[PDB]
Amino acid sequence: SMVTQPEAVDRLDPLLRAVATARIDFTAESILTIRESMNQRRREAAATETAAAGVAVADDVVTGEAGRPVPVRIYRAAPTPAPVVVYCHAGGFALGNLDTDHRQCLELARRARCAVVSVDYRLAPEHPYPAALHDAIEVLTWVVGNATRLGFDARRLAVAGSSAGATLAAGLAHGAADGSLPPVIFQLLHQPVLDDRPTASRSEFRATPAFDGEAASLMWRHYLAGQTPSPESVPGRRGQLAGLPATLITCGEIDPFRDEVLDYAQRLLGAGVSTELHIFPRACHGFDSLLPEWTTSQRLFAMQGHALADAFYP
């Protein structure tokens, strides 16, 4: 009841305030209930979105050695061979599927003139770290290994994500930098989850609408499942950032993840990584999902499109 009532709503744009009316509950029991309602709503909305965008969409599977595939959704908005982004959706490692960030994927493909391969990674708490990261790696390897047949330019591979999906994208970026994975020329990290260690903004925004600091604590617990955090599970704990791909990193200011975003951006810059950073005013976590037509959400999409397009078409 009162626990669900959100804090800091006065600090949000009135248009966003009208829809950001509830805190999330990120307990395991609540996660099950959210999956059902969120997935039903997003399935319904995704078809309308595809009809409007004019971006070709195809669902496929990357089937693994052990006999179950990782599903993918492939978005194509450029002729073969197209530069390609491997994308991981939001959802705090516990929620979502190919419909969750469908709008974001459509916007990236169209505006950056590229292909996007969105990863339907396995979810916590049932499949904690490193399951989703393994799935993302599997998809990235498949994208590159099959680039000719799929119509991709493997020399122009970017990684991208939102929130917990950006955590996974940052893992792919690290694998490319350390030579464990094929080269990656750009990473796009929208409102990324980066650090299990508490920050001032996590405490300040303990109870903001949509996502908050209390949920962030539960999120890390479900994902780690008792494993000790390390730079491999927690990108913000990586000491040396030199050699990571050029980065676009973005976040709303009324967001528990804001400070870890700022810390990470300063460290990327300090390490000599070319970094574009934006903090969007009067916006909470998930602003572009809550109100995708809002001028601020549109400015985010346009910014992302230009960042990728400049990387892909210098």
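Position 1 is the first residue in the sequence shown; the rest follow in order.
Note to self: I need to verify one thing: averaged over C-alpha atoms only, is the B-factor higher for 294 to 302 or for 17 to 25?
What the structure shows: The stretch with the larger mean CA B-factor is 17 to 25.
Next item on the list: Determine, for stretches 237 to 245 and 145 to 153, which one has the higher mean CA B-factor as deposited.
Entry: Between 237 to 245 and 145 to 153, it is 145 to 153.
Notebook entry, point to check: Checking the entry, which one of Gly270, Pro281, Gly286, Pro69 has the top C-alpha B factor?
Noted result: The C-alpha B-factor peaks, among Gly270, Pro281, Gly286, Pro69, at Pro69.
Check: Which one, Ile254, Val55, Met38, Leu262, has the peak C-alpha temperature factor per the PDB entry?
Finding: Among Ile254, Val55, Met38, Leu262, the highest C-alpha B-factor in the entry belongs to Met38.
Note to self: How does the C-alpha B factor of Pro209 compare with the rest of the chain: lowest, middle or highest third?
What the structure shows: For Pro209, whose C-alpha B-factor we compare with every modelled residue in the chain, the answer is the middle third.
Margin query: Based on the deposited C-alpha B factors for this chain, I'd like to know if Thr167 is in the lowest, middle or highest third.
Written below: According to the entry, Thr167 has a C-alpha B-factor in the chain's lowest third.
Next item on the list: Check where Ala136 lands among this chain's C-alpha B-factors and tell me if it's the lowest, middle or highest third.
Entry: Bottom third by C-alpha B-factor.
Notebook entry, point to check: By its CA B factor, does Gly92 count among the lowest, middle or highest third of the modelled residues in the chain?
Noted result: Lowest third.
Item checked: Lowest, middle or highest third - CA B-factor, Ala77 -> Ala77: CA B-factor falls in the highest third of its chain.
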